[PDB]
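Below: the structure, in structure tokens.
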Amino acid sequence: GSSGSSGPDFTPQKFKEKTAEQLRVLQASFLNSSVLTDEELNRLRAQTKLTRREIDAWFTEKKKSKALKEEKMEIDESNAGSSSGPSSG
């Protein structure tokens, strides 16, 4: 018939342990793109030196954090800039 079991089924597990270095990254990324992509995922996989599952899982939970009515926000829209460049002859 069939081999047999070939090992049990993988079990879930939370990841509540990160280093300021790793976080400083994930946080700096997740912000720009709340949703993780196959691309961004890789980059972080090397930066945070963590697993693809860990990173992704993190980005998710984070979202929830936002759900909470964050403190007063700043309406002041990011200021813009300009440039010049005269001529002569």
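By order in the structure tokens, chains are A, B, ...; within a chain, residues start at 1; ligands start at 1, following the order shown.
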
>> For the structure I just gave you, how does DSSP split chain A - specifically, which residues are alpha helix (DSSP H)? Reply as a PyMOL selection string.
In response: chain A and resi 20-32+38-47+52-67

Resulting file, chosen residues, C-alpha atoms, as a JSON list (two decimals), in the first residue's frame:
[["chain", "number", "residue", "atom", "x", "y", "z"],
["A", 20, "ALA", "CA", 15.71, 46.27, 17.14],
["A", 21, "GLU", "CA", 17.75, 45.79, 13.96],
["A", 22, "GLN", "CA", 15.23, 43.39, 12.42],
["A", 23, "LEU", "CA", 12.19, 45.41, 13.50],
["A", 24, "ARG", "CA", 13.63, 48.75, 12.40],
["A", 25, "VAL", "CA", 13.53, 47.13, 8.96],
["A", 26, "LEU", "CA", 10.19, 45.33, 8.85],
["A", 27, "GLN", "CA", 8.57, 48.42, 10.37],
["A", 28, "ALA", "CA", 10.27, 50.64, 7.80],
["A", 29, "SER", "CA", 8.90, 48.37, 5.07],
["A", 30, "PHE", "CA", 5.44, 47.25, 6.18],
["A", 31, "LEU", "CA", 4.71, 50.97, 6.48],
["A", 32, "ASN", "CA", 5.36, 51.74, 2.81],
["A", 38, "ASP", "CA", 6.96, 38.12, -3.35],
["A", 39, "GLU", "CA", 9.61, 40.75, -4.10],
["A", 40, "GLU", "CA", 9.67, 42.89, -0.95],
["A", 41, "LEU", "CA", 9.50, 39.61, 0.98],
["A", 42, "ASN", "CA", 12.85, 38.42, -0.37],
["A", 43, "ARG", "CA", 14.70, 41.67, 0.34],
["A", 44, "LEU", "CA", 13.49, 41.56, 3.94],
["A", 45, "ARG", "CA", 14.34, 37.86, 4.09],
["A", 46, "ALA", "CA", 17.97, 38.94, 3.79],
["A", 47, "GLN", "CA", 17.71, 42.15, 5.81],
["A", 52, "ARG", "CA", 9.44, 34.18, 4.75],
["A", 53, "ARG", "CA", 6.67, 32.87, 6.99],
["A", 54, "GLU", "CA", 7.79, 34.99, 9.94],
["A", 55, "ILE", "CA", 8.01, 38.23, 7.96],
["A", 56, "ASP", "CA", 4.66, 37.77, 6.20],
["A", 57, "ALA", "CA", 2.95, 36.73, 9.44],
["A", 58, "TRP", "CA", 4.31, 39.89, 11.06],
["A", 59, "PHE", "CA", 3.11, 42.27, 8.35],
["A", 60, "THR", "CA", -0.37, 40.79, 8.82],
["A", 61, "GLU", "CA", -0.74, 41.20, 12.58],
["A", 62, "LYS", "CA", 0.63, 44.74, 12.27],
["A", 63, "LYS", "CA", -2.42, 45.72, 10.21],
["A", 64, "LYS", "CA", -4.62, 44.96, 13.21],
["A", 65, "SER", "CA", -2.55, 47.37, 15.31],
["A", 66, "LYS", "CA", -3.65, 50.15, 12.97],
["A", 67, "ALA", "CA", -7.31, 49.21, 13.42]]

>> Report, in Å with one decimal, the straight-line distance from atom CA of residue 18 of chain A to atom CA of residue 36 of chain A.
In response: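 These atoms are spaced 18.1 Å apart.
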
> What separation in Å, quoted to one decimal, exists between atom CA of residue 76 of chain A and atom CA of residue 34 of chain A?
Replying inline: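 Computing it gives 22.4 Å between the two atoms.
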